[PDB]
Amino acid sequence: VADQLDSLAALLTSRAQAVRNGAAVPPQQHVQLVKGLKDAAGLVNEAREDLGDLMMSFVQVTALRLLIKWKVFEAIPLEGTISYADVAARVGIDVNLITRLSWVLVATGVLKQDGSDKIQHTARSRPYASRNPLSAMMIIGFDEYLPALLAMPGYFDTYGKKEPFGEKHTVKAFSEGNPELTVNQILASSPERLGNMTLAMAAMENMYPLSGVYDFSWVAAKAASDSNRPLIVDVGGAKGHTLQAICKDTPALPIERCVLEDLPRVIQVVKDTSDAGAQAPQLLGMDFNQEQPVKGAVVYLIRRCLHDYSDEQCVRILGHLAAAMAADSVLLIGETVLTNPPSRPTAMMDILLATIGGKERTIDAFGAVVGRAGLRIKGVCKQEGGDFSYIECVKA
């Protein structure tokens, strides 16, 4: 591990004077530098500093959450400085408490202190001065996921030390005090909490376009060779933005020949929020745990659905699609494919999904589930720079 410190020290020299020059540097040279600093921190640190760093992260997020809630970030102008006293008068809060929590963010570099008594925003804190997907993600992480993680030791004593699956008795619902409610029922308990999750999830809206990654002209051929045939069925496709993004790309394949499927309540909202003559696919309310209604489509897409469920439930879902598929049909599973071992962010998400009854999977775990549903994996397209993939499956 001698040369690891040198690859990073040579990467911190490249980034060093690109700052002094002001010239931007490649998008994925920032991500390798980000990864190196983490790993080096891992090497140099010992368990004592690990615990201190972890505890500092919890205090930092607590200060972030409170100063957001108290509108303190709003009260700090985006440029220039303001005194702690003036901030405290603006938000009507004890200047001593404002100062102590601000000092946490000064010490970690989220805020900057000027002199003995003035505070100012940095690039790292400006997103928290308004409502947007980043500040929503901050709030959701703290209000939703942190209590569930904290409750896990007691959860696994209570329910047994096994992977948690199932709609009721989630770690989340247990941590909320009502293990009989589903996560949907709980986030619906207050339309403000529902609104934050919706805004927060907008950050992953654009995600990884199926349009650029997958060719689809073979579907157009089928669309031309059979102009009577269901083309693309988006199983659990929510708003159908994936489907629309595809069909402008594919000349002989039009949005009107595709089918957006989701729960009836979701489909009804699609209807009520669409402009009168907008071009639209067919809309079908349905339950993908039951028989697939559209038979013989060219492509079935199931994107970011299977990770919410156990292997057994995924086999049920996929078996319904396999039964509806024809011999030339393709099923595309859009999911993270964990490496063994997984990356830091995907392992993080794997445990967050456990709090709601889901999991991320390796390609071996997908293969087991796909085969049990009477399918086989023909290929995988993996996004550049990450692990989110489209797994191309066909009838076995």
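Just count from 1 along the sequence shown to find any residue number.
Relative to one another, 244 to 252 and 226 to 234 have unequal mean CA B-factors, and 244 to 252 is the one with the higher figure.
Annotation for 301 to 309 versus 283 to 291: the higher mean temperature factor (C-alpha) is found in 283 to 291.
When the C-alpha B-factors of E74, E261, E192, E163 are read from the PDB record, the largest value belongs to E192. Looking at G80, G319, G212, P179, the one whose CA carries the top B-factor in the deposited record is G212. Looking at the C-alpha B-factors along this chain, the one for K378 belongs to the middle third. For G277, the recorded CA B-factor ranks within the highest third of the chain. Only modelled residues enter the ranking.
Sorting the modelled residues of the chain by their CA temperature factor places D53 in the middle third. The PDB entry assigns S175 a C-alpha temperature factor belonging to the middle third of its chain's modelled residues. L33: CA B factor lies in the highest third for its chain, per the PDB record.
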